[PDB]
Amino acid sequence: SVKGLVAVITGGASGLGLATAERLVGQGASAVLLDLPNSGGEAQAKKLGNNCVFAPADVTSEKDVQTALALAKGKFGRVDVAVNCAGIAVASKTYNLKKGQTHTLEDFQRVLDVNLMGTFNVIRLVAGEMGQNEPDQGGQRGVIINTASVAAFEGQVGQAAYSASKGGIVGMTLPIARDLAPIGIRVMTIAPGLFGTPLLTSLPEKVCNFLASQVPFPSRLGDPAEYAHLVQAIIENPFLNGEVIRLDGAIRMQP
Amino acid sequence: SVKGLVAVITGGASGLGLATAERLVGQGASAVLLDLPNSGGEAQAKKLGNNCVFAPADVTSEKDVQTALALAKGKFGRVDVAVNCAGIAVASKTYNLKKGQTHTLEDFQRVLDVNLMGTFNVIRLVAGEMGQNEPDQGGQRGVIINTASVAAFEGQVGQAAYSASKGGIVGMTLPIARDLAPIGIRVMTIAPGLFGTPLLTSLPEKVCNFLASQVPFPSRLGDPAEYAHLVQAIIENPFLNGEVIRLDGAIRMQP
Amino acid sequence: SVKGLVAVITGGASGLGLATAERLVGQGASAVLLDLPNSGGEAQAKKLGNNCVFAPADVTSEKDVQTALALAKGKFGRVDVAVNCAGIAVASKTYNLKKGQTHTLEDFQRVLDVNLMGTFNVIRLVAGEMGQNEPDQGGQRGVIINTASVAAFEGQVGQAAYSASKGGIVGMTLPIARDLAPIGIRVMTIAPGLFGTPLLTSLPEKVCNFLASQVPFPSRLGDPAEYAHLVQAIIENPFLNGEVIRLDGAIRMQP
Amino acid sequence: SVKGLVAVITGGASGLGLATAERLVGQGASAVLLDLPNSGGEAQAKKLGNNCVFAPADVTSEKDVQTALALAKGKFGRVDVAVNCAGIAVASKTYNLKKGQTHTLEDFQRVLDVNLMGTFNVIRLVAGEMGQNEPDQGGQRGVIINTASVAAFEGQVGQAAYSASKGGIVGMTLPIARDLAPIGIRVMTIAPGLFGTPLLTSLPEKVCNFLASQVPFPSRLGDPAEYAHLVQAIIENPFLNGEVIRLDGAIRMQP
Amino acid sequence: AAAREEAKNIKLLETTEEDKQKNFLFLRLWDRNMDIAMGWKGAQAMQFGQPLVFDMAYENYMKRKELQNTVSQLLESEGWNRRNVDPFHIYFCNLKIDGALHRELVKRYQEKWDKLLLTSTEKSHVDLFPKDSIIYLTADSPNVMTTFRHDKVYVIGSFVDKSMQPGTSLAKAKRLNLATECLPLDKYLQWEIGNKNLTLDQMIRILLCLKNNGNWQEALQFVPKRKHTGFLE
Ligand SMILES: NC(=O)c1ccc[n+]([C@@H]2O[C@H](COP(=O)([O-])OP(=O)(O)OC[C@H]3O[C@@H](n4cnc5c(N)ncnc54)[C@H](O)[C@@H]3O)[C@@H](O)[C@H]2O)c1
Ligand SMILES: NC(=O)c1ccc[n+]([C@@H]2O[C@H](COP(=O)([O-])OP(=O)(O)OC[C@H]3O[C@@H](n4cnc5c(N)ncnc54)[C@H](O)[C@@H]3O)[C@@H](O)[C@H]2O)c1
Ligand SMILES: NC(=O)c1ccc[n+]([C@@H]2O[C@H](COP(=O)([O-])OP(=O)(O)OC[C@H]3O[C@@H](n4cnc5c(N)ncnc54)[C@H](O)[C@@H]3O)[C@@H](O)[C@H]2O)c1
Ligand SMILES: NC(=O)c1ccc[n+]([C@@H]2O[C@H](COP(=O)([O-])OP(=O)(O)OC[C@H]3O[C@@H](n4cnc5c(N)ncnc54)[C@H](O)[C@@H]3O)[C@@H](O)[C@H]2O)c1
Ligand SMILES: Nc1ncnc2c1ncn2[C@@H]1O[C@H](CSCC[C@H](N)C(=O)O)[C@@H](O)[C@H]1O
């Protein structure tokens with residue numbers, strides 16, 4: 001069970017973060033949806049009930065995340081789990097010879113800031129918050145679960161910046177786990193494949209059908225409920241640490 | 001859930017396989033401990049209850065595995081899950097200039113037979129029985145979980161044959177997942193680290209404490225119950241496929 | 001043979017970049033040491049000879065890299081190879097509970113900007129520069145080699161930012177190779193281990209000597225000449241693309 | 001340079017092994033083509049010159065490899081390099097539900113015996129002779145370069161046994177490197193992609209053409225001269241050890 | 001084109017911007033990706049797929065117009081095969097290199113011909129597969145197909161005879177002494193008015209539906225509706 005746990009879910013107003021919040025609150029936990037002010041996260045928080053609260057914050061801003069964690073601590077008294085699901089996607093080729101078009105540096109920089117820098121900002125602040133928790137019978141003060149992508153391993157054409165940020169998350173998973181091992185905080189990463197979230201369901205139906213056919217088995221877009229299930233499995237297993245799990249249905253992206 | 005599932009657990013009379021069988025049978029599932037005739041699996045199967053039966057088989061023999069699968073079908077009528085936990089360990093340096101001692105081809109071949117050839121034997125034979133299953137909601141007919149090792153990635157001195165077998169398992173995890181995708185069988189691999197099973201206690205007790213300390217967090221040898229928990233999580237999640245999960249507590253093996 | 005090639009080597013005034021420039025200019029190629037103005041690159045460029053020039057530039061600035069590439073085109077007329085060796089290191093734990101010390105977002109941002117963002121800036125601008133080349137017999141217009149670290153895989157304590165940046169480089173290596181394949185540009189990454197450069201000799205000699213002793217074979221710090229040799233080998237072999245090569249001497253880092 | 005070196009090349013009568021032998025002997029080295037008696041090795045040795053000899057041996061047999069190594073020592077006096085390029089491919093699906101066809105255990109065993117068991121046999125036997133070598137100025141007594149495939153990491157349908165053998169080679173690369181580090185022997189692995197050799201004769205011509213077109217860049221089949229060049233580069237770089245190098249032109253295999 | 005130009009200027013008048021926030025995971029290169037996926041599947045089928053033969057041995061029984069029709073139906077059949085989740089391994093047997101049919105196929109396919117993932121050969125289906133595994137599909141066979149068999153090689157006559165020549169495919173199959181089967185159309189459909197010989201594309205679609213565990217109703221949904229009146233209950 002995860003009853004009584006407090007989860008800070010960044011990007012918790014939509015998609016994978018929303019599914020994780022729904023599952024965890026359904027099992028009896030308390031959730032803090034840390035999201036952007038104009039993401040409609042207050043409606044989701046109210047829909048989830050009393051055990052869910054909304055924190056309007058930008059993961060790329062230290063002050064916003066600090067205020068969100070202060071709100072979480074005041075409302076629920078502590079933080080046990082952190083789920084970094086905030087992120088943005090951008091498609092852009094590094095260089096197009098035919099069009100003479102070059103990848104803009106702003107796109108790369110903002111993708112980095114939102115994904116990699118935002119994940120690290122949340123991780124460090126929430127690790128500081130967890131360090132105050134009395135270790136349990138197993139000596140654990142908390143769990144941090146980051147959302148990478150399979151683009152961190154076989155990113156496609158136009159995914160240079162996205163792949164850079166997700167590969168950064170993958171590369172920094174183990175060092176942070178080693179850093180926080182003395183503190184008793186487990187650090188894990190989930191690298192989902194193609195999931196039926198607003199980041200993908202907004203595409204034309206033919207594209208969605210093709211993507212579903214591209215998954216070996218099951219030949220469908222991943223359900224966010226499956227991501228939530230894997231997150232809960234990581235939370236409950238005390239021996240999963242410093243590892244990246246590919247929740248992608250055995251797909252390997254084509255160029 | 002796992003209520004009503006039938007699991008064939010190779011090497012299920014001791015260690016990780018026994019823990020998996022205990023967890024699954026304790027949750028309303030049925031277990032077939034496929035183990036060697038002299039492994040003392042009859043006592044384990046009797047202790048577990050009626051939902052557990054013992055099949056004396058050698059995973060390296062086609063006839064024995066076929067007989068065990070026939071017994072499983074006769075007793076329960078189905079095979080939903082397969083868990084390859086049968087394996088042996090050999091410690092021997094490839095060469096020793098100081099001693100002039102060379103690895104014997106027999107040791108390498110025995111390790112490969114039990115660990116890599118037996119695993120593929122069981123997989124290929126149980127895909128036949130899981131292929132007779134009527135696909136359920138989602139098109140899945142079964143799940144196959146394999147036990148690799150972190151030695152497939154970071155192998156230590158005098159561990160070349162074990163590393164070869166586990167690396168073969170890791171390498172063939174994805175091709176087999178691509179083979180059985182049309183059938184609807186998910187193929188997963190677990191790469192456990194250091195676990196408190198009879199395999200490790202054979203080492204000197206002084207070394208047990210050192211190995212426990214060598215784990216970043218938790219600083220202890222893994223509990224087989226955690227392996228069973230990860231196995232159940234893989235069974236429950238319908239989107240994990242063709243992936244290797246390191247259940248090692250962030251440990252990295254040194255030379 | 002690399003005679004006649006033009007290599008833009010970032011961070012070419014010291015360490016691995018200087019070793020690469022020395023090796024390549026010795027063969028007969030022309031080099032452009034793209035480095036910070038107050039770095040001593042002028043002396044190195046004068047020492048190397050008439051085929052080496054110094055470009056005072058910051059890899060994190062678009063204008064500076066544009067000026068450096070304009071200087072390279074004005075001097076040598078074209079660019080054939082681009083070796084990204086610019087980078088910085090920071091040692092800082094993500095969080096220290098005993099000291100109550102938290103990693104500063106400034107350090108993480110700075111390391112990301114230099115190691116990761118600057119690498120992509122140089123990659124995109126030099127890909128634009130190399131698209132003007134007439135393809136050779138094999139249809140190749142240029143080669144881009146980037147420097148990563150084994151921290152991308154085996155990150156140590158207080159290496160979260162460095163590991164994040166190097167993992168970002170590793171993740172972006174393949175997407176960029178897929179992007180630039182139609183142009184005819186190969187993208188490769190070298191993940192060195194420990195080398196005897198100014199980035200390491202700064203650290204206390206005791207810990208550096210301990211790390212050097214822990215390299216399986218050769219039990220020493222890597223020689224930058226070896227890095228330059230691998231760079232030349234990558235340049236020569238036309239079939240190496242989208243791959244990371246660990247030039248670490250078989251060392252896997254410990255926490 | 002590589003002048004005066006003695007290289008034992010397994011499977012050196014055809015394809016990658018023959019290309020490696022040609023390159024090394026042309027560079028001034030000595031070669032022993034360790035191959036099957038009916039493989040046409042003697043004609044290749046005659047065509048290469050007086051610095052190359054043919055050893056009729058089966059890598060799956062200890063006695064044959066011992067005789068080949070004795071012949072190599074008699075002719076040249078020492079062994080410095082060992083290139084394991086002997087292997088076979090099998091195209092068989094694990095299980096075919098529609099056809100009711102099951103992978104034959106004999107095919108899996110044969111592929112494992114040749115690709116994986118034979119490689120380790122050669123490695124362990126040749127380490128004994130390379131241990132008698134006087135250590136170099138850097139302490140190096142010799143180099144062993146194994147051949148793997150990208151199937152070890154991404155194996156397609158009907159490649160379970162081949163993937164298992166190549167993954168076993170990949171997994172055992174590092175343990176053997178650690179084992180032989182004390183005696184100054186470097187162990188490296190090359191994972192080629194698609195090369196034009198008699199190995200691919202089995203596939204239909206159109207399948208080979210499509211696969212070649214699916215290489216990002218260069219969009220063609222690998223030239224064995226490139227494999228030989230990479231082998232020589234590994235021979236000449238004293239700091240490459242324990243690593244796997246993907247020589248595949250950035251291709252990634254799909255189901 | 002003119003309507004699209006004027007409407008394009010009209011759509012330019014909006015200038016609303018803020019389109020998806022530029023939060024895109026993939027570039028719009030979907031046709032290329034679909035083609036590449038179909039190519040990978042075709043390679044897998046060429047290696048492990050079930051054989052299906054079109055025997056191009058009727059050039060002497062067909063006029064020019066019938067030859068053009070046969071080529072068009074062959075293209076449609078091949079296209080339908082490529083898209084399938086489990087494609088056949090298509091063989092073009094008895095295809096003379098310099099014959100009229102091969103010439104038209106090459107003209108129609110251009111450079112794609114050498115890249116089509118199928119086996120084209122001058123040899124007959126009896127020189128490539130055991131005579132026992134070959135089932136030659138004809139509308140005049142005494143036997144009636146009951147179930148699709150996955151270990152059998154089905155042979156379809158690439159023949160379009162708008163001038164009726166009954167028994168030609170049956171006669172050809174009889175010279176080689178091959179087993180013959182006919183699609184069940186009297187059993188499942190009230191035939192009404194029409195011709196009992198379907199086109200190549202319809203045949204391949206029916207066979208593909210059957211190979212994917214489809215029933216006879218779903219498989220025979222590809223029979224033109226104008227011919228029959230309903231599926232017999
Ligand atoms: N959707 C996929 O198929 C897929 C696949 C692999 C990885 N991912 C990653 O999984 C994560 C889950 O996102 P999703 O798929 O649900 O898409 P999503 O857009 O539905 O979820 C992203 C969430 O992050 C929030 N957010 C964005 N920027 C923020 C910021 N600066 N501060 C705070 N909150 C911010 C958004 O408001 C939203 O709630 C993302 O990081 C995504 O890149 C998604
Ligand atoms: N013990 C660890 O910490 C650890 C770590 C990593 C991997 N592993 C792997 O996990 C698996 C679990 O082993 P364990 O730790 O429980 O040790 P164990 O010895 O308790 O379990 C091994 C089991 O395999 C059975 N077995 C061996 N050969 C067999 C054969 N031919 N036919 C049938 N059964 C056979 C044995 O009887 C025994 O029941 C093994 O494959 C092991 O290599 C273990
Ligand atoms: N030293 C090692 O063993 C090791 C190991 C793994 C990776 N690396 C990476 O190798 C690369 C080479 O470092 P090194 O060992 O030669 O140390 P170094 O300090 O000599 O190399 C860094 C060089 O980059 C230049 N540089 C830094 N920031 C710059 C900027 N913004 N614009 C332009 N030039 C800039 C510096 O002036 C210097 O010349 C670094 O990227 C490092 O992270 C080093
Ligand atoms: N061909 C490719 O594109 C490709 C790709 C990846 C890996 N590989 C590996 O590269 C190696 C070279 O194969 P190749 O492409 O040159 O094909 P090949 O058939 O020309 O090479 C195989 C060689 O091994 C020899 N051989 C086979 N069994 C032997 C045995 N038992 N004892 C001694 N010699 C034996 C054969 O006589 C032959 O000379 C193989 O191990 C193959 O698996 C090849
Ligand atoms: N009802 C049916 N049963 C079996 N095969 C059929 C069929 N209708 C069409 N076909 C197949 O489609 C091909 C094109 S129809 C041409 C029919 C011509 N009378 C002949 O001699 O074959 C036929 O050759 C046969 O292979």
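For the numbers below, each heavy atom of this structure counts, side chains included, while hydrogens, waters and symmetry mates do not. Sequence lines set the chain letters: A, B, ... in the order given, protein chains first and strands last, and positions in each chain run from 1.
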Chemist: For the aromatic rings, using the six-membered ring if either is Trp, is the centroid distance between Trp40(E) and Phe210(D) under 6.0 Å?
Modeler: yes

Chemist: Within the 4.5 Å heavy-atom criterion, are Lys172(E) and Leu176(E) side-chain neighbours or not?
Modeler: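 Of all side-chain heavy-atom pairs linking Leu176(E) with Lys172(E), none is under 4.5 Å.
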
Chemist: Quick check on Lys41(E) against chain D: is it the side chain, the backbone, both or neither that has a heavy atom closer than 4.5 Å?
Modeler: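 The answer is neither part of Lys41(E).
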
Chemist: If you count heavy-atom pairs under 4.5 Å with chain E, which of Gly100(D), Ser202(D), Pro204(D), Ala91(D) comes out on top?
Modeler: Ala91(D)

Chemist: At a 4.5 Å cut-off on heavy atoms, which part of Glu205(D) comes close to chain E: side chain, backbone, both, or neither?
Modeler: neither

Chemist: So what's closer than 4.5 Å to chain E heavy atoms on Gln101(D): side chain, backbone, both or neither?
Modeler: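 For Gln101(D), no heavy atom lies under 4.5 Å from chain E.
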
Chemist: Before accepting this row, confirm whether a basic side-chain N of the pair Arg246(D)/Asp248(D) lies closer than 4.0 Å to the acidic partner's carboxylate O.
Modeler: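 Answer for the salt bridge query: yes.
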
Chemist: Please name the residue in the list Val153(E), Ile156(E), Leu170(E), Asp55(E) that meets the side chain to side chain contact (heavy atoms under 4.5 Å, CB included) test with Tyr136(E).
Modeler: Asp55(E)

Chemist: Between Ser92(D) and chain E, with a heavy-atom cut-off of 4.5 Å, which part of the residue counts as in contact: side chain, backbone, both or neither?
Modeler: backbone

Chemist: Evaluate the salt bridge (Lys or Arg N to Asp or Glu O under 4.0 Å) criterion for residues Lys47(D) and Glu42(D): first the C-alpha distance (whole Å), next the side-chain angles of each, then the deciding distance (0.1 Å), finally the verdict.
Modeler: CA-CA 9 Å; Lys47(D) 209 192 78 162; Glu42(D) 78 299 351; over 6 Å; no

Chemist: Can you tell which part of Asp86(E) gets under 4.5 Å to a heavy atom of chain D, answering side chain, backbone, both or neither?
Modeler: side chain

